[PDB]
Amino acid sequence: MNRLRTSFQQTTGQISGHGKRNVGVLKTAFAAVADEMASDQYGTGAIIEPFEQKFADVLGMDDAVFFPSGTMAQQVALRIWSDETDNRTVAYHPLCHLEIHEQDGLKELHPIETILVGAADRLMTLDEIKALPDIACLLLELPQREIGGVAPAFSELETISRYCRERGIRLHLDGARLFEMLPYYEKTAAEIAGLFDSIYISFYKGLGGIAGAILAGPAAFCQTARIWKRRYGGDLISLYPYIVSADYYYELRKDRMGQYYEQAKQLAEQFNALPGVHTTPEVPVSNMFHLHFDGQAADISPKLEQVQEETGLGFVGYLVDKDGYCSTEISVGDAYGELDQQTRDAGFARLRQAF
């Protein structure tokens, strides 16, 4: 383990995240669950059916399917739409999860090609979407996490939804971070989800569960999704350990996304005041942003190390070197709100002394 990561691990509080990712997260979700509650069974029965209906309702879709991962969930979605439209081409942002974080799973597992829309360092434009040829599916990710978490205005999404529909293109939402976006949009999950044909949501990002996903959409779409779920080896006999925990952290945190967002905006303001330091976006539209430092990790890590060792407050857990700067991702959760004012003020003065 490197010096920076070490120093962040040995902190007693953090600005980002929910706390340590440990066995206690599962034990806490289960501590009041009756030992006699019956397990789900290969994608039906107890626990799973009510959870799926719940989240079909939350997203305002005909049905919803619990998956072990969003990786599996979104590959399946795209394949279903590709099959329905007899079109083997899908389009999305160049830094889409399916493109860069799944060992090319979509393309290795299905005869599907991808058009990367726009540029890597920005949102795709409405003109770029209108310039697309006949494709099966456009995937949008709200927000675009890989560029710090930027998203189009709600009215832009309305226009894209009408366009695609008027053109026969299926619109899929990568809503890994959908809950996080609701404060800024001033909309419910169903109002955002209603613009799309299908939706993926996660239970381990903003919500801070352990793992697992929901893919939601029309009834027939979900039926097919359940067959692919079995083909993929995701139709486990028992997925309750993730469903019970998922629902628990959902009920726990569904109404905290607003505070996480206000807090993120506060943190960004503090960071942007530092010489040699900025956020992207400058003003967050959610609980997240990227934090950029001029100079490379070999220059900046030691400063952060010292700051963190001394204060016992985690600002930065890792850096990623880029061209003349280095970057880390901040996502605000329960951890920040456990830092009292004096603990924030003392950390930030010490951080101010470093930069």
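So that there is no doubt, residue numbering starts at 1 and follows the sequence shown.
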Item to complete: Using only the Cα atoms and their B-factors as the entry lists them, report which of 177 to 185 and 160 to 168 averages higher.
Response: 160 to 168
Worksheet item: Taking only the CA atoms, which stretch has the higher mean B-factor in the record, 266 to 274 or 240 to 248?
Response: 266 to 274
Fill in: Largest Cα B-factor, entry values, listed residues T328, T311, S69, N287
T311
Worksheet entry | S155 - which third its CA temperature factor falls in, relative to the rest of the chain | highest
Worksheet item: Can you tell me which third, lowest, middle or highest, the CA B-factor of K130 falls into for its chain?
Response: highest
Worksheet item: Can you tell me which third, lowest, middle or highest, the CA B-factor of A31 falls into for its chain?
Response: highest
Worksheet item: By its CA B factor, does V307 count among the lowest, middle or highest third of the modelled residues in the chain?
Response: highest
Discussion item. Taking only the Cα B-factors deposited for this chain, tell me whether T279 sits in the lowest, middle or highest third.
Written reply: middle
